[PDB]
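In: before the rest arrives, take these chain(s) from the complex:
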Amino acid sequence: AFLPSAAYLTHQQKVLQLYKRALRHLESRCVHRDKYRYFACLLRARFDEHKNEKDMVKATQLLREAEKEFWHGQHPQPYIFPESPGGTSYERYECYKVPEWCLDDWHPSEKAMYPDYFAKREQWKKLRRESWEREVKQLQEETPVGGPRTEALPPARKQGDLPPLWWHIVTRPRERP
Amino acid sequence: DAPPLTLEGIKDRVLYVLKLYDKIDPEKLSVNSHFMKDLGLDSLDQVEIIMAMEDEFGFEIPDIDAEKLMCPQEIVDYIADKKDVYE
Amino acid sequence: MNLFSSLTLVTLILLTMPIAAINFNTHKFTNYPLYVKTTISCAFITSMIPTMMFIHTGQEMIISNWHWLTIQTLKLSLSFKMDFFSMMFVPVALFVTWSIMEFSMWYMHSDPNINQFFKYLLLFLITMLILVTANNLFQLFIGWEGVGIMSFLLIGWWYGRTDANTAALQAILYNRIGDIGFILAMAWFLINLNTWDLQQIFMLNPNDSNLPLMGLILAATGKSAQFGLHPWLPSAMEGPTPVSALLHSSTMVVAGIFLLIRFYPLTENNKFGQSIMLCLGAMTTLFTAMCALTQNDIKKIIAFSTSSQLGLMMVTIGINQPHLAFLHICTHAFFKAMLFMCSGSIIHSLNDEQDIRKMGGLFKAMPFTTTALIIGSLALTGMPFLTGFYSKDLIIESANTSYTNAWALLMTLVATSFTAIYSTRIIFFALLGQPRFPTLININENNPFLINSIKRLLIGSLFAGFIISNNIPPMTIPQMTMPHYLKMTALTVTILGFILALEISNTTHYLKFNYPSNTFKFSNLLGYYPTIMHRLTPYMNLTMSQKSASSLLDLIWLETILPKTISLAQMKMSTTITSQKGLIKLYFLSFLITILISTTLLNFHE
Amino acid sequence: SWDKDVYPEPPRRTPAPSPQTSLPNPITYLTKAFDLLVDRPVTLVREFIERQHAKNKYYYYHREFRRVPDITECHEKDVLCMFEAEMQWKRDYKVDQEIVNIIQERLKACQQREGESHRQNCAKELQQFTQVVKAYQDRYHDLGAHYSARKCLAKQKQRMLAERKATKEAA
């Protein structure tokens, strides 16, 4: 479907995703632990019965009828984790995730309350502006002609330099700011 | 509320959960033991392991990151990155 | 007289002081929530004195202190009304919000904007006390819009969350349809009776009062979340737990019932409005209880529960028992707020988990909240001689022995059984059994704030129904002669619901699997009302907004008719005029033709 | 103080307190505390302020307008006499509006004061309100935002023609 590094989903990936969704929905229908354990073992036996099938069209039809079976017997509202999308506390703390570039607009009167922190911030910014040209030069010669094929980034090959495009995924805000 | 986490506690808890699995001999696994090769497990065993660790730590690991969690050290590093520990 | 009005106005001024205290502050306030809590406790005492005066003598007054405006004949003044309803509702609301703010001191302790949260809570309380003490319809409308705006600002407290914004906007939309109803009623009263003050409305007493009563019924449907405009109340669970526990449980959502209570001289002479209210209330209570039967979120269960109780309030309004309806308001506030507080305690102890499928084994792990939850569910279901017994059984007894719609009574009884069913469903899935929550356990309830607030509301839910029902004066004739089966109807129905849901839970515990039916999907998915309406009506309105108004009319056709056609006509005429070939022979031929036309065809030489 | 004839009020009849029970009511103790702590300092402060006010005394008067000829004795398109008549009519319009306000305030006071027996004891106030509202409606209603003395004269002339035709057809 929508993948950063791959253009498609393999057959085994589809089977594993179906297995996880079916087990989660069966846990939702079977709220007690022992009952869920019993029916999870039954579902695991059903999945292991057709594990060794070499016919591609037959495995595809088995997957399609399994997806139809899951859609007929899904929970009207399954159990979603609190931080998972669709959860009760999903994206709750996004109002407190202030980006780090707002510290450059602070008044010097309130910058004096944290001298050592702002010194460390200054040396971090010095490191970033020193490494930017090296990392973009590394990225320029590693992309094949015609643009990149996937969205994966390369690491730093030699010693001393940081991986390319590292700033906004290292300085991201914490989960609980 | 919300007690903090460390790599030692994360590793101890993940090894506890993996030690309670009946399909793994507890005297053989370690922090960097592989699943398909070093332990002889199927892909469904990996899926059930990942679901067990999700239930243990109370947060969901997406499938596109769950397929690549193949040894306990990568599970520890993924949880440490997602929960921003040792700050 | 000089103590009554002084103490009422100083209660209101005492409540409004901390808003000015926080607005004129420079440094960080030293424990501002404690200051607000102390202020509210003092205001509760100060407002408790005039209710003792009213209980002793019956002294009701009206204070029209400040003259505001005079629009020809109509005169608007700052007028407050101390009557039975204001004195019986203000201390109950102040008590409940005192407990809620102590629970908020525990609950929102780690929030970096706790001062803004307490300011918003105090603003809501100020607007609600403006609403319940209002005399004319303008001040009532001010309180109406104030509690609506505070609900919008408090539901979307975590404004970085999209679902909070959707819930807040949806609540605003339904309350604005209620505002349509309120505006129609106020307009009818001004046009036909030439007043907005309630005294002249009650004095003139119109007979053909169908239209303002339907306006008020629509307004109460919007505000109290009756059928048709209901789903904003269960959608409003996106906010913090104290916001729910105050507004969407005990104080804000009873404003429509209160508005219909205040106009009881108008509705007491109109059988049509009474039948409409009875049918709407019965529909609301049964539909919301049936939806509550198969929910898994605990806060959604309690939201559907309080909507069902509001439907019961609309029923007992519709059977011409408005004082029983007010008694049920004052009863229901205590145990509904404390049920929400205990649910919030369970949520906080399990790392923000609101699902009852991940609970259990909390009977001995959290004993005080377990005790309070059991007491509150028993008081909600109608256990004898608790607080709910003194209002709910009288409602059922009056509904049985009256000239009533048969179907409305039937669905009222079935909804009572369903309330019993979901109460014991909550108790079973949240306390009994084996633990289902994650492995690491940080269960704690040893905070003085949470314990003290739950304790105060527990004492209230134990004795307040008895005290209030023994202190109020008799404003009607209580029906106390009835057959044996009609006297035991409420208790037998609740017992039957308890037995049915105990058997349902026992069958759930078995090792069998069955595919879901259409009834289960109808009850679990809220009767398909939000999934159809919130997908269909915004689609039609927004497509009509863009494809018809924004593009077809003013970007295409209103631009075509007046300016573009005129511009093209002038362009074409200009290109025809200026396309001459610059030959003198053609110009002089045109001159000859002009001379000939003027001489012969136009007769300019005559 | 106000005038008790324009704003009437029946004499107050309060019952005597009969303490049937032996439990002390807190209302008497609270009234004693209110008179000791609140009423006495406020009374003393008002006494001081009134003493300050009594040192110098100056008066303000109520404006009196003499009657000028109305619009019925004004020539058409004579802006001076019509101007004076229009100003007089507008002043009487304002006074009539406030008279209706006075009667409405009387009605609301009766409805609040009589309690639950208001439907029986406020018959006279309801009759006065009905009569004064009928007079106001017959005098000033349906004139528009551009009301003037000529519009009111035309309305009264049309109503008088209708009344004369009605009494002619009923004779």
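Out: Received, thanks. Numbers count the residues shown, from 1 in each chain, chains lettered A, B, ... in the order given.

In: the residue most central in space within chain B - nearest residue in space that isn't next to it in sequence?
Out: Against the mean C-alpha coordinate of chain B, by Cα atoms, centre = their mean, the closest residue is residue B:75 at 4.2 Å. Of all residues not flanking residue B:75 in the chain, residue B:69 sits nearest, at 5.1 Å (Cβ to Cβ, 6 or more residues apart in numbering or on different chains). To be clear about C-beta, it is placed using only N, CA and C from the backbone, and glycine gets the same treatment.

In: and the closest residue to residue C:407 other than its chain neighbours, its phi and psi?
Out: Once its chain neighbours are removed from consideration, residue C:407 has its nearest residue in residue C:282; the separation is 7.2 Å (Cβ to Cβ, 6+ apart). Recorded main-chain torsions at residue C:282 are phi -60, psi -40, according to degrees, to the nearest 10.

In: was I right about residue C:190 contacting residue C:72?
Out: No - at 11.3 Å, residue C:190 and residue C:72 do not qualify as touching, with contact defined as Cβ atoms under 8 Å.

In: which element is whichever residue of the stretch 201-350 of chain C sits closest to chain D on?
Out: Taking Cβ to the nearest Cβ as the measure, the stretch 201-350 of chain C has residue C:203 as its residue closest to chain D, at 4.3 Å. Assigned by DSSP states H and E, residue C:203 belongs to helix C:198-204.

In: distance between that helix and the chain's centre?
Out: Distance, stretch centre to chain centre, for helix C:198-204: 27 Å (Cα atoms, centre = their mean, to the nearest Å).

In: do the same with stretch D:145-153
Out: Here the centre of mass of C-alpha atoms in stretch D:145-153, compared against the chain's by Cα atoms, centre = their mean, lies 24 Å away.

In: what residues sit buried inside it?
Out: Neighbour counts over stretch D:145-153 (16 or more other Cβ atoms under 10 Å in any protein chain shown) mark D:148-149, D:152 as buried.

In: wait, does that stretch contact chain C?
Out: No - applying Cβ under 8 Å from any Cβ of the partner chain, one finds stretch D:145-153 separated from chain C by no less than 11.2 Å.

In: which residues outside that stretch are in contact with it?
Out: Outside stretch D:145-153, the residues that touch it by Cβ atoms under 8 Å, 6 or more residues apart in numbering or on different chains are D:70-72, D:82, D:85-86, D:89, D:93, D:139-140, D:143-144.

In: with secondary structure and distance to chain A added, can I get the residues you listed in JSON lines?
Out: Putting the contacts of stretch D:145-153 into JSON lines (DSSP: H, G, I helix; E, B strand; the rest coil; distance: Cβ to the nearest Cβ, whole Å) gives the following:
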{"residue": "D:70", "secondary structure": "coil", "distance to chain A": "70"}
{"residue": "D:71", "secondary structure": "helix", "distance to chain A": "68"}
{"residue": "D:72", "secondary structure": "helix", "distance to chain A": "73"}
{"residue": "D:82", "secondary structure": "helix", "distance to chain A": "68"}
{"residue": "D:85", "secondary structure": "helix", "distance to chain A": "68"}
{"residue": "D:86", "secondary structure": "helix", "distance to chain A": "63"}
{"residue": "D:89", "secondary structure": "helix", "distance to chain A": "63"}
{"residue": "D:93", "secondary structure": "helix", "distance to chain A": "58"}
{"residue": "D:139", "secondary structure": "helix", "distance to chain A": "62"}
{"residue": "D:140", "secondary structure": "helix", "distance to chain A": "58"}
{"residue": "D:143", "secondary structure": "coil", "distance to chain A": "57"}
{"residue": "D:144", "secondary structure": "coil", "distance to chain A": "54"}
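
In: and then chain E:
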Amino acid sequence: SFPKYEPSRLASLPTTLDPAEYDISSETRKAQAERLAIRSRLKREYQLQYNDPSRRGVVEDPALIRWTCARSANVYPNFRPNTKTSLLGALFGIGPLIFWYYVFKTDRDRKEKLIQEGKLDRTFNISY
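Out: Time to bring in chain E:
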């Protein structure tokens, strides 16, 4: 069997029930690779403009400007008066105006006729 999921305008078909999802033919693989290449090239452009330490401003998105210009400043150049446009304009432009005109005219005629006979109760109406 099981009841077939019929899609609607407001309830799309799920991606796990689509028969075209399970296609393994090389044309669809080539199409998916081309789409991934376009997406990765655009993401590379955005992240190059995004992680620049010397940039302080707005990374301009030509897609958003394209969308706003299409929504606003293209409708009349790409408008041709035909049967459909004129029919919809007459339906949505003069339809409701005529309907509301006749409704309000009928109501006001009825009220004004009832008033002049003295059949309409206007006892306390002195505010208008």
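
In: if we can go back for a sec, now check the helix or strand that the helix holding residue C:203 is followed by, is it near chain E?
Out: Helices and strands here follow DSSP H and E; after helix C:198-204, the next one along the chain is helix C:210-224. No - taking Cβ under 8 Å from any Cβ as the criterion, helix C:210-224 and chain E are apart, separated by no less than 12.8 Å.

In: spatially central residue in chain C, please.
Out: When chain C is reduced to its mean C-alpha position, the nearest residue by Cα atoms, centre = their mean turns out to be residue C:253, at 3.0 Å.

In: in three-state terms, label it for me.
Out: Three-state assignment for residue C:253 (DSSP: H, G, I helix; E, B strand; the rest coil): coil.

In: please name the residues that touch the nearest residue to it once chain neighbours are set aside.
Out: Closest residue to residue C:253 in three dimensions, ignoring its sequence neighbours and counting by Cβ to Cβ, 6+ apart: residue C:224, at 5.7 Å. By Cβ under 8 Å, 6+ apart, residue C:224 lies in contact with C:253-257, C:310, C:313-314.

In: let me see the ranges of the strands in chain E.
Out: Using DSSP state E, the strands of chain E do not appear at all; there are none.

In: tell me the residues of it that contact chain C?
Out: Along chain E, the residues adjacent to chain C under the rule Cβ under 8 Å from any Cβ are E:10-11, E:72, E:75-76, E:79, E:81, E:85, E:88-89, E:92-93, E:121, E:124-128.

In: likewise for chain A?
Out: Remark: the part of chain A in contact with chain C comprises A:28-35, A:38-39, A:72-73, A:75-77, A:79, A:82, A:88-97, using Cβ under 8 Å from any Cβ.

In: apply the buried test to those residues and list what passes.
Out: Among the residues of chain A next to chain C, those scoring as buried are A:28-32, A:35, A:39, A:75, A:77, A:79, A:82, A:88-93, A:95 (criterion: 16+ other Cβ under 10 Å).

In: so the helix or strand encompassing residue C:176 versus helix C:210-224, what angle?
Out: When elements are defined using DSSP H and E, residue C:176 is found to belong to helix C:162-193. Inter-element angle recorded for helix C:162-193 and helix C:210-224: 160 degrees (by axes from the mean of the first three to the mean of the last three Cα atoms, to 10 degrees).

In: of all the residues in helix C:162-193, which ones are buried?
Out: Residues of helix C:162-193 classed as buried under the neighbour-count rule (16+ other Cβ under 10 Å) are C:163-165, C:167-168, C:170-172, C:174-175, C:177-179, C:181-182, C:184-186, C:188-190, C:192-193.

In: tack on chain F:
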Amino acid sequence: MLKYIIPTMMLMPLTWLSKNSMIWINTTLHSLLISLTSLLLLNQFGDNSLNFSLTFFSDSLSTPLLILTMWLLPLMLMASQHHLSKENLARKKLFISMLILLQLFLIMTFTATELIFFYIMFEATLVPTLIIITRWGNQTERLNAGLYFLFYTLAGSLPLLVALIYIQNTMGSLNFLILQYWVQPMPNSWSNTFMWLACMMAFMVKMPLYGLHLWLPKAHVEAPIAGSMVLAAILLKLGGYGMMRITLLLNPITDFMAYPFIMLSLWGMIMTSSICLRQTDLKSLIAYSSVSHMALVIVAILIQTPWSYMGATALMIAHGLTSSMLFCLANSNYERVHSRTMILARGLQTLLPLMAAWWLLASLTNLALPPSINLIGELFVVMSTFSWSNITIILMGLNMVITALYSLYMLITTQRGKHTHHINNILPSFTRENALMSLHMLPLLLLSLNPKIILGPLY
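Out: Adding chain F to what we have so far:
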């Protein structure tokens, strides 16, 4: 009225003889002094108007509009001095001069006793605004916006000049004090039908009416901030003042000639609010909201009842203040992010909290939260239209629901949600912007304490 005209023309040598850096300080200071001086017009009487001279008078309708104009001028001086920072000094003085000249024409317009002098000033107001829009506007289509605005106004207003001269020749005077006493009924004929159309279409265009509103989302959008403020706050109310003054001569033909425009303006506000629901531009959304509110004022004036007139003048003043504040807030966002798209810059409450509070207050007054004077005007118009007919309550309730919807959609889109990642030039709010917001807010909130001074001449 010469005690306000003469300091206004003396502002011109003040801005043309100041230093290179002291033009804003001097002009703002002395305009604020004249704005304080403008309170002396509140000597109104219950029977007679305040008649100064043969040419000038000011009753209780023109007084709030005058005070609003003279208070609005220093706000525009404070607002327009950031985007004119790098401009040439002579062009800066020319901009301030056009603002001064527009204020002079506006204060001579509301006090004109003669109707032809009112017409002359009311069409003299066209030139400074057209010059401001087409010179200091930022976009390509400011020229097209100026052409549309100019030609809509002139095509609407030339028959008004012809009809006013006809009234002068037929009645003998255009003095408004004379015409109050010399007025005659206008019978039903085709001649009087076209008289009504000629006298009304200029103010129907300027207000604007639905269907004649096509110039507004152009002139309100391609103008600078000061131009948008003076277009939304004052210039739309010239039409309202004109219909309030000119309806006196058009009776009793108004009672049936007002039906098509009542249906146009009752249905028009639903269409414009629905347009507001699906707007990608913030400035255009504010302009269409202005169209809806002025449609409300059109209906109130056309039904011609006392409650409708009081609601109309209160709603005019309230909408002027609210629209000016909303345009100022949108301009501050535009200065921060250099784009007018509503979806671009999101989640600004985490970065600009007090500006978010100002946004919330402006949105709350936009949807008529009681007891603001917005709600007072809207409520009085609703009562009068209910007296007109009963299905008007259905139309008004639908309009109120959509108005709350789009105001909160504005607020939730711009201020709430997750912030834009790649935008990193969100500077903290200046003291100038906050002072501008508070000077828009505090009079609006204070007027709820004494709302009797904005309720027209028949309060």
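
In: please look at the buried residues of helix C:162-193 again, because chain F has been put in.
Out: Residues C:162-193 are the ones in helix C:162-193 that count as buried (16+ other Cβ under 10 Å).

In: report all helices and strands that that helix contacts.
Out: Where contact means 3 or more Cβ pairs under 8 Å, 6 or more residues apart in numbering or on different chains; DSSP states H and E, helix C:162-193 is packed against helix C:137-155, helix C:198-204, helix C:210-224, helix C:232-235, helix F:373-388, helix F:392-415.

In: who's in contact with the helix holding residue C:203?
Out: The list of residues contacting helix C:198-204 from outside it, by Cβ under 8 Å, 6+ apart, reads C:62, C:81, C:135-137, C:189, C:193-195, C:262, C:265-266, D:104, D:107-108, D:110-112, D:118, D:122, D:126, E:124.

In: go on, stretch C:430-439?
Out: Residues from elsewhere that reach stretch C:430-439 (Cβ under 8 Å, 6+ apart): A:31-33, B:13, B:55-58, C:298, C:346, C:350-351, C:353, C:356-363, C:370, C:373-374.

In: got the angle for the helix holding residue C:176 vs helix C:137-155?
Out: Taking the same axes, to 10 degrees, one finds helix C:162-193 and helix C:137-155 inclined to each other by 180 degrees.

In: ramachandran coordinates for residue F:280?
Out: When quoted as degrees, to the nearest 10, the phi and psi of residue F:280 stand at phi -90, psi -10.

In: may I have the secondary structure class of the residue in the stretch 151-300 of chain F that chain E sits nearest to?
Out: When scored by Cβ to the nearest Cβ, the stretch 151-300 of chain F has residue F:263 as its residue closest to chain E, at 4.6 Å. Secondary structure, three-state DSSP: residue F:263 is helix.

In: report the contact partners of it.
Out: For residue F:263, the residues meeting the contact criterion (Cβ under 8 Å, 6+ apart) are E:97, E:100-101, E:104.

In: give me that answer again for 6 Å
Out: E:97, E:100-101 (Cβ atoms under 6 Å, 6 or more residues apart in numbering or on different chains).

In: please apply the same query to residue F:211.
Out: residue C:558.

In: let's see that with 10 Å instead.
Out: Taking Cβ atoms under 10 Å, 6 or more residues apart in numbering or on different chains as the definition of contact, the neighbours of residue F:211 are C:553-554, C:557-558, C:561-562, E:93, E:97, F:204, F:261, F:264-265, F:268, F:271.

In: which among those residues count as buried?
Out: Neighbour-count burial (16+ other Cβ under 10 Å) is assigned, among the contacts of residue F:211, to C:553-554, C:557-558, E:93, E:97, F:204, F:261, F:264-265, F:268, F:271.
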